[PDB]
Amino acid sequence: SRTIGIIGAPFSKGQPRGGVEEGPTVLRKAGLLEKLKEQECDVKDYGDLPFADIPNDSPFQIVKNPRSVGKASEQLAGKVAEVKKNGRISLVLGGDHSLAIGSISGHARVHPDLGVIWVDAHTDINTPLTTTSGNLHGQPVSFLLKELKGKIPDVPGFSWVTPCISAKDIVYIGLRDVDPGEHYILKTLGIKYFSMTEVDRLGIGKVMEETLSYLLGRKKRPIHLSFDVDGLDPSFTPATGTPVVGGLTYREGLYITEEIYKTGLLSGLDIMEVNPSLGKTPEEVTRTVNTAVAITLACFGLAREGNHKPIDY
Amino acid sequence: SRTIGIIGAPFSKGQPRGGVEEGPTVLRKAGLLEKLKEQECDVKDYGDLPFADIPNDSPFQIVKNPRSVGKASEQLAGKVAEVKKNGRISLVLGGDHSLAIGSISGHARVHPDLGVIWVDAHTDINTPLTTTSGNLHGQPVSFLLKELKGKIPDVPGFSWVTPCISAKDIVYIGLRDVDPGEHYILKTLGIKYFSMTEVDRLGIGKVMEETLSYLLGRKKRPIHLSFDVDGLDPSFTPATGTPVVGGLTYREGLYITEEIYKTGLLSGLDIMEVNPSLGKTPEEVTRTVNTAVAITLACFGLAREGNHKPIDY
Amino acid sequence: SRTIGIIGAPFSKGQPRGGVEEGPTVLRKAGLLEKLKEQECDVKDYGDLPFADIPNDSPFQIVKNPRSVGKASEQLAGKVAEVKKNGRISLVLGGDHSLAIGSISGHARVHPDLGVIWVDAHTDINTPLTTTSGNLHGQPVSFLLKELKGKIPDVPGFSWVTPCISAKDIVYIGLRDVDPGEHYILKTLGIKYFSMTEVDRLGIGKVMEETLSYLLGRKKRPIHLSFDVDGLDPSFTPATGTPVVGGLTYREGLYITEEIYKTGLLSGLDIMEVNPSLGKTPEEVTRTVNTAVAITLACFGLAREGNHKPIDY
Ligand SMILES: N=C(N)NC[C@H](N)C(=O)O
Ligand SMILES: N=C(N)NC[C@H](N)C(=O)O
Ligand SMILES: N=C(N)NC[C@H](N)C(=O)O
Ligand SMILES: [Mn+2]
Ligand SMILES: [Mn+2]
Ligand SMILES: [Mn+2]
Ligand SMILES: [Mn+2]
Ligand SMILES: [Mn+2]
Ligand SMILES: [Mn+2]
């Protein structure tokens, strides 16, 4: 049965807007733990990581808050590796996606053979040298790829990092806003991806069939799902820092996760970029969090066709 | 040509909210009869069933308004069997889905070999003993299935009922909120269904291909379509008692019905759960009724590709 | 590389509502030229056609403003043929779709072998004798089809017209509101089309596969894409004269154009029916124009998966 390890990560210095550090709060008050337990889920809450304050953290070239970001991920990596050693699926209620660096890092320490599925409107694969924004939530994957070692300069706060995944161990789904440098990296490293164009062409059904086959083809291995809230259309998750029109639908979002759950291989989960303060109205915030919870519950068994206990009703 | 028999069924005691008894009214004033006639439809209106008032109708265990519900369906069954004997397709403009009991019952009296397609966000297959809500609009199918005879206790008002369909003669489409007892019944009786997950996986095209093949495989037989308005997403039909996000789209709704029409086998039709009083704004009511009419017109020939008469334009 | 020739066509007398003549304006101020240049596009703006005023233009039977419409298209045809001779893809920022007559006409003068893809909720194939509205924006295709020569009476202003395409050289996508006479013409001339029903059945992926195969089967030839803004659902392009619910999605709209771009055969493009004055709110106008620009940029290379230059990033 799916045993979960909850990790609240109220961090925002991976991007300019601040309300994202409130993500764990709103998701918890939405009753996420209760609802997960309302299922057959064994849930242990490891709490909200107390993220230090690094007042002295000047830019590294154009890269912003490098020491703060580097420290949050280093802290998070230890936590994630802790829950993984406790035999539970790590659920990181995040702030910004920069935390992916620590989440996937800590997960790989315990399961070096993990495969990653990255649901996002963006690739977040900019290097400190290709980024034009300097925001680290758009650079996580670059720190994690072994093939990019030698192209990632020494950024204050990330000396603890060691690339744990190969370009062949990750699949993107939902892309619709990729920088030119990021696109160059995609095609150069031969990274497997399904942009909104491929979802439109093939259908989410075929997309998931190919994604799982691609990652679990040679052999079965742990799965790390890093779900960026903006991967879904802004009509479903408006309270997010960088929304892009024409995203994955609510149904597609649930299909992605229902399928992953069914592999029985989900090992790590990230629910990122939910920023309640960016909701233009009280219900945009409610609509976003509700959708984020729904997708989280899907990862752990909630099926739209229904569920029932091993009893004769 | 599609000859129709209209039956207004202003009934609401199958669920707690009352505005649903206004369904026939708003659908008629939307010009449904005129529009149907604006097509090549032969339409005879059998009127709005005068539903009796049963002041004395205490709960049966937890089941609410059993005598009122049982009587409305018994009345409706006779009407439907009447129009079927008049060689016309029964169109039941309903209130709540509890009326399905009488609609399908009366239809089967004349055509015991009918197949049922149930478009709904719910299975409505709870028994008086599995229901937790006590609302009869979520129990109709349980009264109709032969295999469940022996599990349906004697509820005041339904002694006239006799299960007329087998688990193999029904197909669900659109499910996204099924109780645990209902899910147990689905898998136990081996009922064929396409939840939103299957629609996402296969596409409405394949879904309809399999549905009709499944029901008309061995041989051609009359079709009864019980369309619950909440089977479509609440962005299309918001004025309904129990809306559930992530529903069938407008297009899918029309595709379902255009395909059924084309079989030339539509024998019975239910348009249920439209509740004008639940629309939060005047246009939510207009948007709901408009969609309900559009889907009704599709059942009787209106095609999105166009239609034309046997003349040289 | 895609070299473009911009042609502003502020014309509205092809239909009753007037704000459509503002289409070139809002599209230009949305930064369309800048954005196209922000790509690898060679853009030359031929300006906004100064459309004459024909005060004396009484109806022809029921056909409205025939001389004004006929003159605008005649003018436009010369312009389009001019840009085509300059070796550039004609981009007609239009007013109403009646301009299609001149756009496709002028294009065919230089490339008589062109194939047409018509994205629209309507067929716009009514003849002066089949039309019931008398509005010429719903009759363009009838003037262009060789097979309909002999059925198009002499309308003041169109004596310069000479049917340049056969029924076999055009494909419709998005149809959902076709008159009976139009439908008769579709089936009689055996015109290939994909109404919303076919998109629902096959998926936009298969639809585009069949469309391009159909038109480029025997051999490769120039493509003329006449994109009517109302071909997309009104939730994306509300500021348009004749919206119809259940249209093509934003994603589908981009998929259509991304695919066409990739053929490397786009030869002519029409962006029609954008009417800023019909937007009920300031953002409905913004949402419409934004979508119209997005689809225009897709026609010329902008891909959702990303783009990059031939350099080592
Ligand atoms: N993670 C995001 N939103 N990335 C977008 C943009 N390429 C940036 O790297 O700042
Ligand atoms: N028909 C509905 N809405 N059913 C839902 C719920 N299972 C109930 O049986 O009350
Ligand atoms: N182009 C449009 N909107 N056509 C619709 C209608 N058949 C008319 O020809 O006026
Ligand atoms: Mn993102
Ligand atoms: Mn991201
Ligand atoms: Mn329902
Ligand atoms: Mn129902
Ligand atoms: Mn149109
Ligand atoms: Mn048009």
Side-chain angles (χ1 to χ4, degrees), chain A residues 8-30 32 64 69 72 91-101 103 117-126 133 135-141 172-179 182 195-196 199 225-254 256-257 269-299, chain B residues 245-246, chain C residues 250-251 283 287 290 304:
Chain A
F11 185 70
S12 71
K13 293 200 174 180
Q15 42 83 66
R17 297 152 278 287
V20 77
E21 51 188 300
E22 241 46 77
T25 302
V26 297
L27 293 168
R28 276 218 183 61
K29 58 171 178 63
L32 178 60
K64 306 165 195 173
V69 176
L91 202 198
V92 174
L93 302 188
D96 71 80
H97 223 168
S98 78
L99 298 164
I101 307 182
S103 184
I117 293 179
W118 192 285
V119 177
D120 201 322
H122 313 96
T123 44
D124 293 352
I125 196 166
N126 264 307
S133 74
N135 301 329
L136 282 166
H137 74 160
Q139 300 174 51
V141 189
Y172 285 108
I173 300 174
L175 309 172
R176 76 198 82 122
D177 187 15
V178 182
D179 286 330
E182 289 181 289
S195 65
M196 288 315 293
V199 179
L225 172 61
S226 194
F227 201 118
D228 179 335
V229 166
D230 68 32
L232 295 184
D233 188 78
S235 54
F236 303 116
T237 50
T240 194
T242 47
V244 182
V245 300
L248 289 161
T249 65
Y250 190 89
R251 284 161 53 176
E252 289 177 328
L254 290 182
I256 296 292
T257 51
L269 212 219
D270 302 325
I271 299 298
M272 318 296 268
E273 301 294 348
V274 183
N275 186 330
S277 76
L278 298 181
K280 299 172 185 179
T281 65
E283 83 74 44
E284 286 199 343
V285 176
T286 279
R287 188 204 316 169
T288 297
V289 180
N290 284 340
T291 296
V293 159
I295 283 190
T296 301
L297 295 186
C299 291
Chain B
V245 300
Chain C
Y250 190 89
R251 284 161 53 176
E283 83 74 44
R287 188 204 316 169
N290 284 340
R304 277 173 290 171

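Values reported hereafter were calculated over all heavy atoms of this structure, with side chains retained and with hydrogens, waters and symmetry mates removed. All chains are named by letter (A, B, ...) in the order of the sequence lines, taking the proteins before the strands, and each is independently numbered beginning at 1.
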For the residue pair [X] and [Y], what are the closest heavy atoms and their distance?
| X | Y | answer |
| --- | --- | --- |
| A/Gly95 | A/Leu99 | N-CD1, 3.6 Å |
| A/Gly253 | A/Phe227 | O-CE1, 4.4 Å |
| A/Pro24 | A/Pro10 | CG-N, 3.8 Å |
| A/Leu27 | A/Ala292 | CD2-CB, 3.9 Å |

Mind checking what makes salt bridge (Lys or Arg N to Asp or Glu O under 4.0 Å) contact with [X], not counting sequence neighbours?
| X | answer |
| --- | --- |
| A/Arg17 | none |
| A/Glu252 | C/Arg251 |
| A/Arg176 | none |

How would you list, by chain and number, every residue that makes a side-chain hydrogen bond (donor to acceptor under 3.5 Å, both in side chains) with [X], sequence neighbours excluded?
| X | answer |
| --- | --- |
| A/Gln15 | none |
| A/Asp270 | A/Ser103, A/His224, A/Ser226 |
| A/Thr291 | none |
| A/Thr257 | none |

Go through the structure and list residues passing side-chain contact (heavy atoms from CB on, under 4.5 Å) with A/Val26, not counting sequence neighbours.
->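 side-chain contact (heavy atoms from CB on, under 4.5 Å) check on A/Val26 returns A/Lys29, A/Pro276, A/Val289.
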What pairs with A/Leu297 under side-chain contact (heavy atoms from CB on, under 4.5 Å), at least two apart in sequence or on another chain?
->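 A/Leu32, A/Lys35, A/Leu36, A/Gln39, A/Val293, A/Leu302.
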Step by step, work out the side-chain contact (heavy atoms from CB on, under 4.5 Å) result for A/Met196 and A/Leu248.
-> CA-CA 7 Å; A/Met196 288 315 293; A/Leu248 289 161; 3.9 Å; yes
Can you label the angle between the A/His97 ring and the A/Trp118 ring as parallel, tilted or perpendicular, going by 30° and 60°?
->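 Taking A/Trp118 first and then A/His97, their aromatic rings lie parallel (interplane angle under 30°).
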Pairs flagged by salt bridge (charged side-chain N to carboxylate O under 4.0 Å, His left out) wherever residues 233-242 of chain A is involved - sequence neighbours left out |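 As it turns out, there is no salt bridge (charged side-chain N to carboxylate O under 4.0 Å, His left out) pair with a partner in residues 233-242 of chain A once direct neighbours are skipped.
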Please, which pairs that meet salt bridge (charged side-chain N to carboxylate O under 4.0 Å, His left out) have at least one residue in residues 278-299 of chain A, sequence neighbours excluded?
->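 Those involving residues 278-299 of chain A are A/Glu283-A/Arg287.
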Under 3.5 Å, is there a donor-acceptor pair between the side chain of [X] and the main chain of [Y]?
| X | Y | value |
| --- | --- | --- |
| C/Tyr250 | A/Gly246 | no |
| A/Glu182 | A/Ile125 | yes |
| A/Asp96 | A/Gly14 | yes |
| A/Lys13 | A/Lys64 | no |

What distance separates [X] [atom1] from [Y] [atom2], expressed to the nearest 0.5 Å?
| X | Y | atom1 | atom2 | value |
| --- | --- | --- | --- | --- |
| A/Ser133 | A/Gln139 | OG | CD | 6.5 Å |
| A/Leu136 | A/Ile101 | CG | CD1 | 6.0 Å |
| A/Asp124 | A/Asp228 | CG | CG | 6.5 Å |

Distance-only criterion, 3.5 Å: show the donor-acceptor pairs between side-chain atoms of residues 236-245 of chain A and protein atoms not counting sequence neighbours.
residue  : atom : partner  : partner atom : Å
A/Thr237 : OG1  : A/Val229 : O            : 2.9
A/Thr240 : OG1  : A/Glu273 : O            : 2.9
A/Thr242 : OG1  : A/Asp230 : OD2          : 3.2

Decide yes or no on side-chain contact (heavy atoms from CB on, under 4.5 Å) for A/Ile117 and A/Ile173, but give the supporting numbers first.
-> CA-CA 8 Å; A/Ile117 293 179; A/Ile173 300 174; 4.0 Å; yes
Could you walk me through whether A/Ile271 and A/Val92 pass the side-chain contact (heavy atoms from CB on, under 4.5 Å) check?
-> CA-CA 6 Å; A/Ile271 299 298; A/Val92 174; over 6 Å; no
